[PDB]
């Protein structure tokens, strides 16, 4: 009965509704200026931490009106410092200043149930419409540049698309929760490739959620169903697991790459984020 060690660098958080506490961790983002952002769908807030896990700030007012949050899921940060939040229940995407002041909302009357949001290198806002099974690319002014996807199990289809990432070529990477796969599109939303299948083997998933691309171009994918994190190269060739065996994940949600090169994951069942 000997103790074991794994890849964990540090964890932050406990169950609750006060600052530093979480009920339902969803989206995770990281800023170029060294912050970690965590969306909580049930506390209706975003909390901002430093890279060493120090609490910095919180914002988010519960409600159903513009400027409020009801079920915030995805979070992204624009290089301006603006914070982008997708609301599954209000069915719009809010843009806030870095101090948490509401600026504008996009996608009003276009979205059914958004989860992931990402910003690409052209400053477009990528919105994953989980309920509609499609992905929107918006200008910050709210005009739709393109949309792609329909419900199903085809290569160009989704079944509960969840989160998004963008690589160095501005290609869009989408986790397809119920199709047990990761799908990659060009910046125009055209299908490039699919990887993963249902299972527990190397490169297999049971319900992918969080996704990020690292400084080496690797795709890092959280598996909600199997509670593990896998590393792939940019083509979807399996490289490794992150070793999470000593302090296991229970239902990992969002995942991001920190400015200091580390993987941060929302460990929803442990009411914390974990950095590897």
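Numbering follows the first chain given and starts at 1.
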query: 90 to 98 or 183 to 191, whichever carries the higher mean Cα B-factor; finding: 183 to 191
query: Mean temperature factor over C-alpha atoms, higher-scoring stretch between 33 to 41 and 212 to 220; finding: 212 to 220
query: Options 84, 145, 133, 174 - largest CA temperature factor per the record; finding: 145
query: Residue, from 162, 110, 71, 178, that the PDB entry assigns the highest Cα B-factor; finding: 110
query: Chain-relative CA temperature factor third for residue 166; finding: highest
query: Lowest, middle or highest third - CA B-factor, residue 62; finding: highest
query: Third assignment of residue 27 from its chain's C-alpha B-factors; finding: lowest
query: Third of chain Cα B-factors occupied by residue 234; finding: highest
query: Lowest, middle or highest third - CA B-factor, residue 119; finding: highest
